[PDB]
Amino acid sequence: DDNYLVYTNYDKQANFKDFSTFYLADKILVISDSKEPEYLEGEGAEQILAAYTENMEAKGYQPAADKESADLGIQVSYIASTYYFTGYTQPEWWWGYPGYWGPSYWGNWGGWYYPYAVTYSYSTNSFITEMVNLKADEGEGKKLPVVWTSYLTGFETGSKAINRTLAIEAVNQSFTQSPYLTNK
Ligand SMILES: [Cl-]
Ligand SMILES: [Cl-]
């Protein structure tokens, strides 16, 4: 079947009916071989972010006015280089990129909390997406928990595949294989 691979992992204790609204970070972080965070520009990135938006709405979640009022946050990253991951050891290897999303982008949290295992092999031309619980306690030393992660990878590079919107099809697939991710 598909010209890509989609892996999803999630918090089995999370109650996806707890949440009503989400805020999607409105730019896709490029993980590059330099420390300064840069983002994808242009139509493609806009279409990928629109696919997250549409999918969350289909599952019952409304876009929030802002981060402070949202129940759930989503952050999306494109891996263009694995320079920072060589010799990784942490299962969440993306944390090794100096420019990676910080908890403090979202609110008063000082680190991440992963309530489930991830076993993804790093590769470029791939996406890491994390969904965070913004209702979690804030304050000094408090950690921002993730409720869902996806890894979109293994994308074919021949012209027929490039000319299909494969990233969007992979985003759609990540929701299809996450039947629990709904408040309905
Ligand atoms: Cl697990
Ligand atoms: Cl709080």
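A short reminder: the numbers here are calculations on the coordinates, not readings from a lab. Positions of Cβ are generated from backbone atoms using ideal geometry, with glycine treated the same way; all protein chains shown enter the neighbour counts.
Put simply, of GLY158, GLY110 the only residue that is more than 18 Å from the chain's Cα centre (by Cα), within 16 Å of ligand 2 (Cβ to nearest atom) and farther than 15 Å from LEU29 by Cβ is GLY110.
Which residue, of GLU138, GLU169, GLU130, is under 18 Å from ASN15 (Cα atoms) and not small (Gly, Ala, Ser)? Result of the check over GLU138, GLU169, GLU130: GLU130. Every listed requirement among (1) touching a residue at least 60 places away in the same chain (Cβ under 8 Å); (2) surrounded by fewer than 16 Cβ atoms within 10 Å (Cβ to Cβ); (3) aromatic (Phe, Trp, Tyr) is met by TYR151 save one, (2). For the range 111-130, the candidate set comprises residues that are surrounded by 15 or more Cβ atoms within 10 Å (Cβ to Cβ) and within 16 Å of ligand 1 (Cβ to nearest atom); within that set, the residue that is nearest to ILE168 (Cα to Cα) is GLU130. With respect to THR176, determine if the residue is without any contact (Cβ under 8 Å) to a residue 12 or more places away in the chain and either within 18 Å of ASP11 (Cα to Cα) or of a type in the set (S, T, N, Q) (or both). Yes: the conditions hold for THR176. Here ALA65 meets each of (1) crowded, with 18+ Cβ neighbours inside 10 Å; (2) in a loop (DSSP other than H, G, I, E, B) with one exception, condition (1).
Run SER69 past the list (1) among the hydroxyl-bearing types (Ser, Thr, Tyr); (2) closer than 16 Å to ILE168 by Cβ; (3) within 16 Å of ligand 2 (Cβ to nearest atom) and report the number of the one that doesn't hold. (2) is the only condition that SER69 fails.
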